[PDB]
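What follows is one structure encoded as structure tokens, with my remarks underneath.
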There are 2 protein chains.
Amino acid sequence: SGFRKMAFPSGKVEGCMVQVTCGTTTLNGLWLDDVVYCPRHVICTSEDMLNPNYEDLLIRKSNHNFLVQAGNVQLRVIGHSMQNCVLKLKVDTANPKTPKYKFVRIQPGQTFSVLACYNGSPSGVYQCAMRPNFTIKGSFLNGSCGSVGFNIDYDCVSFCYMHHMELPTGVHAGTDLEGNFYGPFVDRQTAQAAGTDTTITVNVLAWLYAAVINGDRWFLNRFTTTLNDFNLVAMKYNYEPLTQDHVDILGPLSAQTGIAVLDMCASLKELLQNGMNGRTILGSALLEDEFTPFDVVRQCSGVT
Amino acid sequence: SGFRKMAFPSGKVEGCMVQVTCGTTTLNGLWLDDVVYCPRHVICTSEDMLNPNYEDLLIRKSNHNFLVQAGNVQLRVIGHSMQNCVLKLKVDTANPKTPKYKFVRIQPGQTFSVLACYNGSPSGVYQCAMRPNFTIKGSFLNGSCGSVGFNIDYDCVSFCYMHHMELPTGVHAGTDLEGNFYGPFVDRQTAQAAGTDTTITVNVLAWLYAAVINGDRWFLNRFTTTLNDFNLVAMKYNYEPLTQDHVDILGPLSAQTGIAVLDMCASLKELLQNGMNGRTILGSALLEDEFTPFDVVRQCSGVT
Ligand SMILES: *[C@]1(O)C(=O)Nc2c(C(=O)OC)cc(Br)cc21
Ligand SMILES: *[C@]1(O)C(=O)Nc2c(C(=O)OC)cc(Br)cc21
């Protein structure tokens, strides 16, 4: 029993973190095989970030200008290239700690773990979700750029995020491991505002199923609803519209608890309309939306 | 910016997890140097757990009955001993991945990370606090026993908790790495109820300082209070009494924000008396008490 915001074990990713310095800018890099992946703004001075022309800035850079340090040992850079908003630094040594890995571009609503790093050294690990407005609500200070987001399937690490920026509103933006930003964000020190941060409806329902499995059942009511009726309520409360695909993915949780998905939708509907009334669900006074149905199943079964 | 429930990077502890089987009971062990630490109830059948005499049960056990597996390789057990509620299995091979470590018995209010494991394999990592009633609110399924709680200082892992039991109320009890239970709990399948779960006042104040540092300031009021007046309010709301030691530890946060500790106590006092009124602080609708003043400073500075 017990339900926690759990991150994947970080060891496999800790063994990939390196420090990358270019001129006077230092950030984190991800060392996989003989390549180090890092944000391309490593080549910028804070002054260049106001309006950078990365291709032009990169012309003035040679392999020897990119200092890559893994622990206290220096890696030799033998090639460099820009792929979208990331730099790929070919080093002469393959990372002996390279795990089995994939690069995946996740969809909003999907969750992942972040290994926050400073100077190639890990500080902590926490669980995030790609918000529907393509930002993440992380915890990143200066020096954290290049810290990565990932998921793990048995022994394979699927890297999904690389940290690049903090918007003026304290929220975070970044790319997948191909250098493509999630959302409309650009690696530039300019006014970039996020869109509406809607609640990930499928995740709240999954978390309500986790609450039932763990004993919290006060919110279960005698009602049911339809997808269209539920969605009218979800629109009013800035919740993502629920689709039949979302219903299908909640199937195993519905089967385990014996509570039909549309009945849980009705419970969620009353929670939105009436509030918690000072009560809690899994030690939270708000509806948690950063557990996918897959995360609930994983945590409630014991997948390692 | 951004403030998250962050766990320490788990790699150093992942390299210590092993599986321990005795008869038909399998749980997790912690392999440090040439010793494997595990709950002594590994020698029990679920039937023995109703009323075990561990010394008597242990007489029927030899070194060869304790099967220790690290990954897919078997460790040879050359000695075994019972220290309080833990078994120490001397193996013939020192763990090559042993980090620098200490065994510490933490006080209630202190936080730590848990690497939840199943069959010697890590599933996830999350941040806990030793509650004032000596329980932890974890996430543990059958097979999770022997999973450990720890803190990290640069390269030294201070192991503080080993998971042993789930009380009938869904809360968790366990020992330090010397086998001494936190609280009055015993490793027996019997009715054990927890005491009052009070709120860790010093941690809530530290979290309010983290909120101010990260932009959430609506709860700051024009009032102040005294330790005695604040404590009258804290008693009513089942909050731990605040001492001058707690005030001293909040000193760096007070210095950084320019908000005197007693002024923050007055803000907390009004939050207790009036509630949040539907508002949030660091994305929470309740007062978080699982960040120590040390955790707030660590996260807000970038300690690796
Ligand atoms: C990341 O590269 C990082 O590590 N720091 C940083 C800053 C910074 O330090 O600003 C003063 C700014 C940006 Br746009 C990105 C990053
Ligand atoms: C831990 O040793 C564990 O891993 N499982 C377990 C059980 C259990 O499986 O009960 C059916 C019970 C206890 Br008291 C402790 C533990």
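Lettering and numbering for the structure tokens are positional, with chains as A, B, ... in the shown order, residues counted from 1 in each chain, and ligands counted from 1 in the shown order.
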Got a sec to check which residues lie within 12 Å of ligand 2, using only C-alpha atoms and all ligand atoms, and send them as an NGL selection string?
(:A and (1 or 302)) or (:B and (19-22 or 24-29 or 38-52 or 85-86 or 116-120 or 140-147 or 162-168 or 172-174 or 185-192))
Extract, using only C-alpha atoms, all DNA, RNA and protein residues at most 7 Å from residue 33 of chain B, discarding same-chain residues fewer than 5 positions from it, and format them as a PyMOL selection string.
chain B and resi 94-95+98
Next, write the just-selected residues to a file, as a PDB file, in the first residue's frame, keeping N, CA, C and O atoms as the atom set.
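Okay, selection.pdb is ready:
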```pdb
ATOM      1  N   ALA B  94      33.708  -8.787  -1.429  1.00  0.00           N
ATOM      2  CA  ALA B  94      33.367  -7.423  -1.075  1.00  0.00           C
ATOM      3  C   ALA B  94      32.667  -6.819  -2.291  1.00  0.00           C
ATOM      4  O   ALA B  94      33.093  -7.065  -3.428  1.00  0.00           O
ATOM      5  N   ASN B  95      31.589  -6.038  -2.065  1.00  0.00           N
ATOM      6  CA  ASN B  95      30.866  -5.397  -3.158  1.00  0.00           C
ATOM      7  C   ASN B  95      31.780  -4.395  -3.831  1.00  0.00           C
ATOM      8  O   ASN B  95      32.167  -3.406  -3.220  1.00  0.00           O
ATOM      9  N   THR B  98      30.684  -0.729  -3.594  1.00  0.00           N
ATOM     10  CA  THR B  98      30.432  -0.128  -2.290  1.00  0.00           C
ATOM     11  C   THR B  98      30.806   1.353  -2.292  1.00  0.00           C
ATOM     12  O   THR B  98      31.947   1.703  -2.600  1.00  0.00           O
TER      13      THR B  98
END
```
Please report as a tab-separated table every residue of chain B lying within 8 Å of chain A, along with the nearest atom pair and their distance in Å (one decimal), using only C-alpha atoms.
```
residue	atom	partner	partner_atom	distance
B:1	CA	A:170	CA	5.7
B:2	CA	A:139	CA	4.2
B:3	CA	A:139	CA	5.1
B:4	CA	A:139	CA	5.9
B:5	CA	A:126	CA	6.6
B:6	CA	A:126	CA	5.0
B:7	CA	A:125	CA	5.2
B:8	CA	A:124	CA	4.6
B:9	CA	A:124	CA	5.1
B:10	CA	A:10	CA	5.5
B:11	CA	A:11	CA	3.5
B:12	CA	A:11	CA	7.2
B:14	CA	A:11	CA	6.9
B:115	CA	A:9	CA	7.3
B:117	CA	A:304	CA	7.4
B:118	CA	A:304	CA	6.8
B:121	CA	A:304	CA	6.0
B:122	CA	A:304	CA	5.7
B:123	CA	A:304	CA	4.1
B:124	CA	A:8	CA	4.6
B:125	CA	A:7	CA	5.2
B:126	CA	A:6	CA	5.0
B:137	CA	A:2	CA	6.7
B:138	CA	A:2	CA	5.6
B:139	CA	A:2	CA	4.2
B:140	CA	A:1	CA	5.9
B:141	CA	A:1	CA	6.0
B:166	CA	A:1	CA	7.8
B:170	CA	A:1	CA	5.7
B:171	CA	A:2	CA	7.2
B:214	CA	A:170	CA	7.9
B:284	CA	A:286	CA	7.2
B:285	CA	A:285	CA	5.1
B:286	CA	A:285	CA	6.0
B:300	CA	A:141	CA	7.6
B:301	CA	A:141	CA	7.7
B:302	CA	A:118	CA	6.9
B:303	CA	A:123	CA	6.1
B:304	CA	A:123	CA	4.1
```
What separation in Å, quoted to one decimal, exists between atom CA of residue 54 of chain A and atom CA of residue 32 of chain A?
23.7 Å
For residue 229 of chain B, list every protein, DNA or RNA residue within 10 Å, evaluated using only C-alpha atoms, and leave out those in the same chain fewer than 3 positions away; present the list as a CSV table (one decimal) with N, CA and C atoms, in the first residue's frame.
```csv
chain,number,residue,atom,x,y,z
B,224,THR,N,3.2,39.4,13.1
B,224,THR,CA,4.3,38.7,13.7
B,224,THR,C,3.7,38.0,15.0
B,225,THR,N,4.4,37.1,15.6
B,225,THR,CA,4.0,36.4,16.8
B,225,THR,C,5.2,36.1,17.7
B,226,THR,N,5.0,35.4,18.8
B,226,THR,CA,6.0,35.0,19.7
B,226,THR,C,6.1,33.4,19.6
B,232,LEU,N,0.7,27.9,20.9
B,232,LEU,CA,-0.6,27.7,21.3
B,232,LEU,C,-1.5,27.3,20.1
B,233,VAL,N,-1.2,28.0,18.9
B,233,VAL,CA,-1.9,27.7,17.7
B,233,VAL,C,-1.4,26.3,17.1
B,234,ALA,N,-0.1,26.1,17.2
B,234,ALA,CA,0.4,24.8,16.7
B,234,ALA,C,-0.2,23.6,17.5
B,265,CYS,N,6.2,32.6,11.1
B,265,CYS,CA,5.3,31.8,12.1
B,265,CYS,C,3.9,32.5,12.1
B,266,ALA,N,3.8,33.8,12.0
B,266,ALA,CA,2.5,34.5,12.0
B,266,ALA,C,1.8,34.2,10.7
B,269,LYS,N,0.5,30.8,11.1
B,269,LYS,CA,-0.6,30.9,12.0
B,269,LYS,C,-1.9,31.3,11.3
```
Selected residue of minimal separation from residue 193 of chain A among A:134, A:297, A:82, A:72, counting only C-alpha atoms
A:134
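Here atom CA of residue 223 of chain A and atom CA of residue 110 of chain A stand 28.8 Å from one another.
Here atom CA of residue 74 of chain A and atom CA of residue 178 of chain A stand 24.7 Å from one another.
With only C-alpha atoms as the atoms that count, the minimum distance from residue 242 of chain A to the choices A:81, A:258, A:219, A:201 is reached by A:201.
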Applying 9 Å and only C-alpha atoms, which residues near residue 221 of chain B remain after dropping the ones on its own chain fewer than 4 positions away? List them as a PyMOL selection string.
chain B and resi 263-264+266-267+270
Restrict the selected residues to C-alpha atoms and save them as a PDB file, in the first residue's frame.
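As a result, result.pdb now contains:
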```pdb
ATOM      1  CA  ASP B 263       6.961  36.800  11.003  1.00  0.00           C
ATOM      2  CA  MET B 264       6.784  33.556   8.943  1.00  0.00           C
ATOM      3  CA  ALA B 266       2.535  34.497  11.990  1.00  0.00           C
ATOM      4  CA  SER B 267       1.894  33.776   8.300  1.00  0.00           C
ATOM      5  CA  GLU B 270      -3.052  32.724   9.717  1.00  0.00           C
TER       6      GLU B 270
END
```
DSSP alpha helix (DSSP H) selection over segment 105-288 of chain B, as a VMD selection string:
chain B and resid 201 to 213 227 to 236 244 to 249 251 to 257 261 to 274
Would you list the contacts of residue 196 of chain A as a VMD selection string, taking every protein, DNA or RNA residue within 12 Å and counting only C-alpha atoms, but skipping same-chain residues closer than 3 positions in sequence?
chain A and resid 131 to 135 193 199 to 200 237 to 240
Show which residues sit within 7 Å of residue 90 of chain A, as a CSV table (one decimal) with C-alpha atoms, in the first residue's frame. Count only C-alpha atoms, and ignore same-chain residues fewer than 5 positions away.
```
chain,number,residue,atom,x,y,z
A,34,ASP,CA,31.1,8.3,-28.4
A,35,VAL,CA,28.8,11.3,-28.6
A,36,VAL,CA,28.1,14.1,-26.0
A,77,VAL,CA,36.6,16.1,-28.9
A,78,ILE,CA,37.2,14.9,-32.5
A,79,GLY,CA,34.0,16.3,-34.2
A,80,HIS,CA,31.1,18.7,-33.6
```
